[PDB]
Amino acid sequence: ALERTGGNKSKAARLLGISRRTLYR
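For the sequence shown, the working numbering begins at -19 and goes up steadily by one.
Printed below as a string of structure tokens:
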């Protein structure tokens, strides 16, 4: 079963991880 909901949420989670790394070197 494919759930459309949460699909974009996962993308944001990954984006945040990269964002955190940029802020903290």
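Backbone N, C-alpha and C define an ideal beta-carbon position, used for all residues, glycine too.
Legend entry - C-alpha gap between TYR4 and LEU(-4), whole angstroms: Numbered from its first residue, the sequence shown carries residue 4 at position 24. Numbered from its first residue, the sequence shown carries residue -4 at position 16. So the two alpha carbons sit approximately 12 Å from each other.
Inset, instruction - Determine the direct distance from the alpha carbon of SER(-10) to that of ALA(-19), and round the result to whole angstroms. - result: Taking the sequence shown and counting its residues from 1, the one referred to as residue -19 is at position 1. Taking the sequence shown and counting its residues from 1, the one referred to as residue -10 is at position 10. Approximately 17 Å, taken between the alpha carbons.
Inset, instruction - Locate the alpha helix (DSSP H) running through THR2, then write down its first and last residues. - result: Counted from its first residue, the sequence shown places residue 2 at position 22. Taken as a continuous stretch (DSSP letters only), the alpha helix (DSSP H) holding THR2 covers -13 to 3.
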